[PDB]
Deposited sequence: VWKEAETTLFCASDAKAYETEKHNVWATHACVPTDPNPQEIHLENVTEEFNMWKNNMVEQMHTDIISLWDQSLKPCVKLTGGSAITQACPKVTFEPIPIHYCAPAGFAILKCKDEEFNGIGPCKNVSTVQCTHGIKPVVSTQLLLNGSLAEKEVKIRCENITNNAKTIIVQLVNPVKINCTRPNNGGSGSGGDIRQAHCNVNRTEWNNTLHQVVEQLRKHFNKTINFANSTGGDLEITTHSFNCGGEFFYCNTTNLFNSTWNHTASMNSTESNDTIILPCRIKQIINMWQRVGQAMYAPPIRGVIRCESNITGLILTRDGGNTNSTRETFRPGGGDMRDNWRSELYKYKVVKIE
């Protein structure tokens, strides 16, 4: 067989009566989840995977763009000098798992090597009819509600020697982040367990040291649109933007409580789908609360550190294909002959 590009279909456990928008979308875009999921191990088979060049990622991006365009309608769209107005009702918006499945004539191969970094040969391969269920969570900096690594933190990068390449981190132990807009209406905050977060950075440093045996520094974002300089996400149908300086401000040499992140709810946002701004209605009243798992990170490594005893990493993101890649890295589509 051979790698191929096709249109995968999607499956989900959506319900007809839910007005939550992922359910509504999946009701017409997907089939019910597979009643009979089977993995078939391929004996003695080796296969090349590349999470960074994977058309599954490209289709998922297209699909979640259509989900958002149908679901979260802004009052006004500012694409170019133009202005496009429409009805702007508040909605229930909470991701559900979506599976991607092979059409007839095709197969999805799955890397079963738990230590696979995302690019290169995999010695332990199976065939599947569908991926696992993936929540299409849109966020920057912190990856939420995703899959976890089994034994140790994973550092995934097309080539980490190249400072222009995005770094996707996968955690082993999830870290709860709890965000609240209490009953100024735009003001909110996120809480993170300090001990857990510090243990998380320790584990991440341990793996990064395998690539750079140096002092490892975490520093905050140093530029870009608000969406990428903050941890942005949505909750309760509202868009949150959280300062992550208190998460990314530490130095870890070879040796010798609660973190509070302030947040703001924005009405003016930069679309991730395409270039342009969108305006949404002022915030709903009442209490808004989201409790999520941090399961990964998107990082950038400072370049040009010509002769330093340290490497510096900062939170990054913005290309949501990196979010889809963090889940789809172990899959590829092939045409069976």
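Engineer: Missing C-alpha stretches, by deposited numbering?
Structural biologist: Gaps in the modelled chain, taken against the deposited sequence, lie at 1, 185-192, 266-273.
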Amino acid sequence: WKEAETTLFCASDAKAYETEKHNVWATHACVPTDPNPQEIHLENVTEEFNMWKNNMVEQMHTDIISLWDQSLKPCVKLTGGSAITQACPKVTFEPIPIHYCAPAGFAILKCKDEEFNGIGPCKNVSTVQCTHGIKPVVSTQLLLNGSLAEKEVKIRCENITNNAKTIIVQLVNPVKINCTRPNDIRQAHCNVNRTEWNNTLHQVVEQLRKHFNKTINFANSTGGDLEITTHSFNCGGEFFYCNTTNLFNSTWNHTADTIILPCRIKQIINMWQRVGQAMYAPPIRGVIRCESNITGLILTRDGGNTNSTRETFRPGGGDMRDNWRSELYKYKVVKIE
From here on, numbers count along this sequence of modelled residues.
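Engineer: Output the stretch having the higher mean C-alpha B factor in the entry; the candidates are 5-13 and 309-317.
Structural biologist: Stretch with the greater average CA B-factor: 5-13.
Engineer: Please compare 199-207 with 104-112 and name the stretch with the higher mean C-alpha B-factor in the deposited structure.
Structural biologist: For C-alpha atoms only, the mean B-factor is higher in 104-112.
Engineer: If you compare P136, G80, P74, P174, which has the highest Cα B-factor in the entry?
Structural biologist: By C-alpha B-factor in the record, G80 ranks first.
Engineer: Based on the PDB record, which member of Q170, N117, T161, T230 exhibits the highest Cα temperature factor?
Structural biologist: The record points to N117.
Engineer: Within this chain's modelled residues, let me know which third the CA B factor of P37 belongs to: lowest, middle or highest.
Structural biologist: Answer is highest: the recorded C-alpha B-factor places it there.
Engineer: Thinking about Cα B factors across the chain, which third does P283 belong to?
Structural biologist: Answer is highest: the recorded C-alpha B-factor places it there.
Engineer: Splitting the chain's C-alpha B-factors into thirds, which one does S292 fall into?
Structural biologist: Lowest third.
Engineer: Looking at the C-alpha B-factor of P95, is it in the lowest, middle or highest third of its chain?
Structural biologist: Middle third by C-alpha B-factor.
Engineer: Can you tell me whether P262 has a C-alpha B-factor in the lowest, middle or highest third compared with the other modelled residues of the same chain?
Structural biologist: Middle third - that is where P262 ends up once the chain's C-alpha B-factors are sorted.
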